[PDB]
């Protein structure tokens, strides 16, 4: 066929087997998740979107999966990120200094995957799924990330860190998941400070991007929620990661 229903990539090939295998792998590694029944998780994940119109997904659809995937994360060691996931993941891999969303069972299960179903059949759609912009925002994937990111931000306390991509024209983007969901769901009763690490993409010598208009907007928004804001430039992310691996080495 030469034309698809939707404008987005279709469900990831072998989605069911992939989610299942990821759940097995995660529960084998992480002792606190040892008991989780991975069949049950698959079933709940399925139940959220199969036989439903993929432009009519709600957060409620994901509640059974959210329940099954309930997990304590050290509330003071949370790392959020925006449009810079590779560095964020490479960093937490070194010595588990912090935890991203993708370090949780549910973030781990869905990371890099696409999925959707069909109204009034129980089939997974492998040909196309709704594009957030062109088709609808209430699609299974977008609704999943909004739901899980909210819960992750609500769990944070003390100093929460965020890595931002200093090479984008909007270092802080109010339309991103970080800017539209996470920023507004940090609990001012619990969260003392949000500290941003602005990652330079500009090789060598560069500006103080903590002075960027979008960083000042983020400062203003956070400050107005009664949370302190701190910012730091990471001028050479390669050096940073080497310093994490081998601190007090030299030049760090």
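Here the rigid core means the biggest group of C-alpha atoms that line up within 1.5 Å when the two forms are laid on top of each other. Numbering follows the first chain given and starts at 1.
Displacement analysis by core superposition in 4 other deposited structures of this protein ranks 243-251 above the other of 2-10 and 243-251 in root-mean-square C-alpha distance from the shown form.
Core superposition of the other structures onto this form places the C-alphas of 197-205 farther off in 4 other deposited structures of this protein than those of the other stretch among 49-57 and 197-205. Look at the C-alpha B-factors of 201-209 and of 184-192. On average they run higher in 201-209.
In this PDB entry, residue 70 carries a Cα temperature factor that places it within the highest third of its chain's modelled residues.
Per the deposited record, the Cα B-factor of residue 222 falls in the middle third when ranked against the other modelled residues of its chain. The deposited CA B-factor of residue 236 belongs to the highest third of values across its chain. Among all modelled residues in its chain, residue 115 ranks in the lowest third by Cα B-factor. For residue 37, the recorded CA temperature factor ranks within the highest third of the chain's modelled residues.
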